[PDB]
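What follows is a single structure, written as structure tokens, with notes after it.
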Amino acid sequence: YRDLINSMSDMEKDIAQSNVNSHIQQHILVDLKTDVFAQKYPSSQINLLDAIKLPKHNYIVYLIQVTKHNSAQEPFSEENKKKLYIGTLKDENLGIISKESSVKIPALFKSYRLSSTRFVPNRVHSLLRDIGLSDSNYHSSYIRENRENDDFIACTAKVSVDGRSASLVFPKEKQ
Amino acid sequence: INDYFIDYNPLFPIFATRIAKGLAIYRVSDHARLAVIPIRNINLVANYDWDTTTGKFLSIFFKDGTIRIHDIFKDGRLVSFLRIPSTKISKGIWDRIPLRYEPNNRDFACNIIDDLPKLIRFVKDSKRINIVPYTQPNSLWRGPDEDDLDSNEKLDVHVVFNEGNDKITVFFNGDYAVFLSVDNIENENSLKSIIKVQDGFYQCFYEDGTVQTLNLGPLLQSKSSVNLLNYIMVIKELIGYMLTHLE
Amino acid sequence: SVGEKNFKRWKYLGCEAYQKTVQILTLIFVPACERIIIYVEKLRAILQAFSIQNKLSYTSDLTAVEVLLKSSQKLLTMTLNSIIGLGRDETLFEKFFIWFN
Amino acid sequence: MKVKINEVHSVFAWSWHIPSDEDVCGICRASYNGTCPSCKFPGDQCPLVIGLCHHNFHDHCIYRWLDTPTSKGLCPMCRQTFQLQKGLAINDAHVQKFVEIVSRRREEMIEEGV
Amino acid sequence: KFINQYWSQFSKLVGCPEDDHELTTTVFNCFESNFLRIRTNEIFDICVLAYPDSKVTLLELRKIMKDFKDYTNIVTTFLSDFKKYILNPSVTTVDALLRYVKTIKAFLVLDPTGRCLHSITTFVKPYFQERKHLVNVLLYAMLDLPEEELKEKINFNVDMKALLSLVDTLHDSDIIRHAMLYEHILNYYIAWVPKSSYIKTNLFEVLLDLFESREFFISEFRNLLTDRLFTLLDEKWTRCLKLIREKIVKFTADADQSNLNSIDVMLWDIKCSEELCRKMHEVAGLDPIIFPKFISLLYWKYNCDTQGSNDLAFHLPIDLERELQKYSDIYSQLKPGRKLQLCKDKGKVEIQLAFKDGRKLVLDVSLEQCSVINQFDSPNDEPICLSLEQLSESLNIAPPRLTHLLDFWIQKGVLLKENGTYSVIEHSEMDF
Ligand SMILES: [Zn+2]
Ligand SMILES: [Zn+2]
Ligand SMILES: [Zn+2]
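For the record, the sequence lines run as chains A, B, C, D and E. Numbering-wise, the first sequence is residues 453 to 593, 617 to 650 according to the entry's author numbering. Start counting the second sequence at 5; every next residue gets the next number (the entry's author numbering). Start counting the third sequence at 302; every next residue gets the next number (the entry's author numbering). Numbering-wise, the fourth sequence is residues 1 to 20, 37 to 130 according to the entry's author numbering. Numbering-wise, the fifth sequence is residues 245 to 419, 454 to 472, 483 to 520, 525 to 544, 567 to 746 according to the entry's author numbering.
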């Protein structure tokens, strides 16, 4: 009995691997990797940071780092600036909708890794009110854990996409 | 609570926060602890994903290749343990796809498994040998929820991405695994984020700006193809189900 | 060695060794054996259909399913042989201990 | 600084002074400071009485017991003829009541030929 | 509105006369069927949020439902929505019970019988036993206790607006002789007017249905009531106990009467204390400023007899102690066979503190706080500075407990702690 059942189990895994995987893989299409930002920015090296979908909305909000490609004829220009352009793409065909506006970073916030920024949905503003309403060791002015711990930036970037906005948080990883 | 982390549950006003002893859960309204998930090293956790369809469960991904899921409403109790054969995990997403098989006259594919009575199990306690109704090892976290009125069977898809090589692994129902080989292995670009549009349609976003789309639409639009996936899953379990009672 | 204490244990161990053995063969193996063969036949039909519906050039061989089908048929026939045999074992078991008592 | 006391609301707890897990009624098994099953309020509504035998009972418990034909006027715990202890302020209000019941039962026993 | 907007056009389309009565009646029946369907879908928000503003609609809905299938569909849809949303442990328990009782009163108005109430109750109670703090807060809601007592021993915030709202809902109470016999025998008997009950219209009984036994309920009522009498009875709780007594007696287990008896005794204890004190003041010319309460120790569950720590033998001021001893002696004379023990830890004294600057402060303080402050009473107007060790020896109070008592007077601005010695603040350099 033990031999016969194990005889079926090893043969059963063969059916799944040899045949079922063959059929399932066929009904599954993988789109080739494509560049969409090239049309809008063909002379810049593109660095991508984060992108999420707004619920009940068919638009893709993305955060990109745009660094213009410096040709071999312009020597050592100080325009090697990392620009955190924010745009929108329709979810299906990834089509650009609104003209990107470069967010001006204040000089005090230049000492943070912009690449580590992640998207945080679902009413981040609620915690801001509750932090001051709870007698915790957390102070809001910047949300700071006491006077002796790491400081993390909560960039409530008001990207007005058709009247709605998302929320961002800038983690601290000092360079 | 100050932290650059925390992901809010889309369906319920709860968040998942990270503290030293483990993953912690607090209510937004009361700031009161609800559950604690014991985790050893944060660096091992590739990412954590919430349940989009229900929000009752929570998914945790390990870099070694292990997936562990804990129910939030059960005070952080572990409910299921998953393993994927020899896979390096970079970032995983959990998606639940609800099937809608409306009755159609052109579909004469009647079912007889429902008419046949459901099986049982033999489990022996200290006092005596007892008989209990049969439940699939993974049915506890997949059973039709009491709180879910729309009890339509829910497809469970775990999507896995491998680091350093950009290999895509899709995992169905907790047992069956399917491997898909990507052609674009020339560049080792780290995947930045994974975004879900609807059920079975996913976009992957790498560091270089390239966009990769994974679509399960053809699979979900074919009634027989999903049945093939379901059938191969039932056969493997019952053979082991028999082997359990044989020993 | 045997005595009264082990004799009752011998009958109790022996009786459960057979009457519980017959239950698990009929209430588990028989319904399960039917269900595996049921699913494999539906398993065979589906792959055959897309071999025709798709008309895809590459085909997946069905020799793997038939082996499971014949093997599954073998187990169910083999299960029933044991169940009848354990029935005879029960008859032999009782007649021995009634005299051994 | 001068402290003037305007009003004092003090709380006192009263207990039975018994001339010495055994402050229970031998009949109803309720605490002396509690009520027997037939009374609602402790104290005057359920007073305690002490016998010459130094056996303690609820007024109602021992009266009812003594009123049964089977008691023969004897203490239920020790079987001596139940008479209230003299000189205890607690018994003064009940002496007449208990003399009448014991005398009545003694006369009935003489009539019943036992 | 639909008729005036479309019925003429529809009649022209069909060609039937405009005054077709049966078609209009069928249209009206379909409208009411659609209204029932929409309300069944939306009943959760109707009962949870829109109540009691939508209560009128409920009365309209009650006129329409007629079949058992309607009630079953209604209750199952409501239970699914209530269970989907409210039974979440992530929801605060106070708001959960508030919305729950709102649905109870809403459904009671909709269904006078209350059978649907039993079904929802039977389905939902295990979720109530799942939550731990429900019992404490609900009885405290039952007795309308002040938030200060709530905040003393409960470690999670409770919404005061929710508390007042549930209190308002709880107190809501909207839920010639021989010739008349011939006429009323004829008018009343010939005029044809064409699991237990557990469906009482009282919401407080439904709240009581949580407990497997009302024994714990009445015991805690006793405990809180004993605390109040010790704090001083408010008229508001007399209504509460009246409701408690009224329902229990109607039902009538052995322990239930045990905790049903002395609530009357405690009332009798205070009533006799009010009566005995007047008699005591008449006979012995006792000081009319002392109002003693004579309590039955067994029934007030005051554990005088924790036999383990020698920590409450504090000395009362000699003048007050002598007067209180006079009361004990007279009591033994009036009630022979009884001994009186002073609960030195229980009781309140109203004291007036007069300072050199003319400030008079009147406070209600415990007997312990009065003993501490009395140590600083200077008959000769000399500044009394006492160290912690001197006060502990004089008052026989342990130093940790004395610090808490001294902190009370520091918070009230009476005492100042300088370099380990406590002195009276005689001259406040700040506008009171
Ligand atoms: Zn009595
Ligand atoms: Zn005696
Ligand atoms: Zn008694």
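Don't be surprised by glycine CBs; every beta carbon is placed ideally from N, CA and C.
Those runs of the alpha helix (DSSP H) which lie wholly inside the region 666 to 702 of chain E and span at least 4 residues: The alpha helix (DSSP H) runs lying completely inside the region 666 to 702 of chain E and spanning 4 residues or more are 681 to 688, given in chain order.
Cβ pair A:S642, A:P573 closer than 9 Å: Yes, the pair counts as a contact, with Cβ atoms nearer than the cut-off.
From A:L484, A:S461, A:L515, residue whose alpha carbon lies closest to that of A:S554: Closest in alpha carbon position to A:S554, among A:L484, A:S461, A:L515, is A:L515.
B:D111 versus B:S94 - alpha carbon distance: So the two alpha carbons sit approximately 42 Å from each other.
Beta-carbon separation (whole angstroms), D:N49 vs D:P58, contact threshold 8 Å: About 6 Å separates the two Cβ atoms, so the contact holds.
Check: E:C532 C-beta below 8 Å from any heavy atom of ligand 2: No; taking the cut-off as 8 Å, the Cβ of E:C532 has no heavy atom of ligand 2 nearer than that.
contact_flag[the region 257 to 273 of chain E, the region 105 to 120 of chain D] where n(CB pairs < 8 Å) is 3 or more: Cβ pair count under 8 Å is below three, so no.
Residues that D:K2 contacts on chain E, provided the C-beta gap is smaller than 7 Å: Going along chain E in sequence order, the residues near D:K2 (Cβ under 7 Å) are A668, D691.
For review: beta carbons within less than 5 Å of any heavy atom in ligand 3: Cβ-based neighbours of ligand 3 within the cut-off: D:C41, D:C44, D:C52, D:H74, D:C77.
Exposure label - E:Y250; buried when at least 16 CB within 10 Å: Classification of E:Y250: exposed, given that the 10 Å Cβ count is below 16.
Classification of E:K649 by the beta-carbon crowding that lies within 10 angstroms, buried from 16 upward: Classification for E:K649: buried.
Residue-chain proximity (B:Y235, chain C), Cβ-Cβ < 9 Å: Interface criterion met: the Cβ of B:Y235 is under 9 Å from a Cβ in chain C.
Residues in the region 334 to 347 of chain C having any Cβ partner in chain B nearer than 9 Å: Within the region 334 to 347 of chain C, the residues whose Cβ lies closer than 9 Å to some Cβ of chain B are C334, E335, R336, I337, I339, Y340, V341, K343, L344, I347, listed in chain order.
Beta-ladder partner(s) of B:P102, from DSSP: B:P102 pairs with B:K158.
CA nearest to the CA of C:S372, picked from A:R565, A:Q517, A:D455, A:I504: Comparing Cα-Cα distances from C:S372 to each of A:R565, A:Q517, A:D455, A:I504, the minimum goes to A:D455.
E:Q571 Cβ short of 8 Å to ligand 1 heavy atom set: Taking 8 Å as the cut-off, one finds no heavy atom of ligand 1 near enough to the beta carbon of E:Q571.
Runs of alpha helix (DSSP H) lying entirely within the region 589 to 671 of chain E, each at least 4 residues, in chain order: Within the region 589 to 671 of chain E, complete alpha helix (DSSP H) segments of at least 4 residues are found at 632 to 648, given in chain order.
Residue from E:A469, E:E703, E:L656 whose Cα sits closest to the Cα of E:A627: Residue E:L656 is the option with its Cα nearest to E:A627.
Enclosing alpha helix (DSSP H) for E:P370 [first to last residue]: Counting along the chain, the alpha helix (DSSP H) containing E:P370 begins and ends at 359 to 374.
B:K122: first and last residue of the uninterrupted beta strand (DSSP E) it sits in: Here B:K122 belongs to no beta strand (DSSP E), and DSSP marks it neither H nor E.
D:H70 CB to nearest heavy atom of ligand 2 below 8 Å: The closest heavy atom of ligand 2 lies less than 8 Å from the beta carbon of D:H70.
CB of B:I124 within 9 Å of CB of C:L328, strictly: The criterion of a C-beta distance shorter than 9 Å is satisfied by B:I124 and C:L328.
Reference A:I548, options A:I512, A:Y564, A:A559, A:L566, closest by Cα: Among A:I512, A:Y564, A:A559, A:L566, the Cα nearest to that of A:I548 is on A:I512.
Any non-hydrogen atom of ligand 1 closer than 8 Å to D:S54 Cβ: Yes, ligand 1 has a heavy atom inside 8 Å of this Cβ.
Proximity test, Cβ basis, 9 Å: E:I318 and chain D: By this cut-off, E:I318 is not an interface position.
B:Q207 (DSSP reduced to helix, strand or coil): Here DSSP, grouped into helix, strand and coil, assigns B:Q207 to strand.
Close beta carbons around B:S155, own chain, < 8 Å, minus the five adjacent residues each side: Apart from the 5 residues on each side of it in sequence, B:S155 sits with its Cβ closer than 8 Å to the Cβ of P148, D149 in its chain, given in chain order.
Near-chain D residues of the region 651 to 675 of chain E (beta-carbon distance less than 8 Å), N- to C-terminal order: Within the region 651 to 675 of chain E, the residues whose Cβ lies closer than 8 Å to any Cβ of chain D are, in chain order, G651, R652, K653, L654, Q655, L656, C657, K660, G661, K662, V663, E664, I665, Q666, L667, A668, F669, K670.
Proximity test, Cβ basis, 9 Å: B:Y52 and chain C: It does not; no Cβ of chain C falls within 9 Å.
D:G67 Cβ short of 8 Å to ligand 2 heavy atom set: Within 8 Å of the C-beta of D:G67 there is at least one heavy atom belonging to ligand 2.
Under 8 Å by beta carbon: chain C residues contacting A:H475: Contact note: A:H475 reaches chain C through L348, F351, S361, using a C-beta cutoff of 8 Å and chain order.
Candidates A:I557, A:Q517, A:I457, A:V576, of which the one nearest C:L370 by Cα: The option with the nearest alpha carbon to C:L370 is A:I457.
Chain E contact residues for B:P17, given Cβ-Cβ distances below 8 Å: Under the 8 Å cutoff, chain E gives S334.
CB contact below 9 Å: E:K327 versus chain D: Nearest CB-CB separation between E:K327 and chain D: not below the 9 Å threshold.
Beta-carbon neighbours of D:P58, restricted to chain E and to distances below 8 Å: Listed along chain E, the residues sitting closer than 8 Å to D:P58 by beta-carbon distance are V579, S610, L612, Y613.
Neighbour list for A:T519 in chain B, Cβ cutoff strictly below 7 Å: Ordered by position in chain B, no residue passes the 7 Å Cβ test against A:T519, which lies about 12 Å from the chain.
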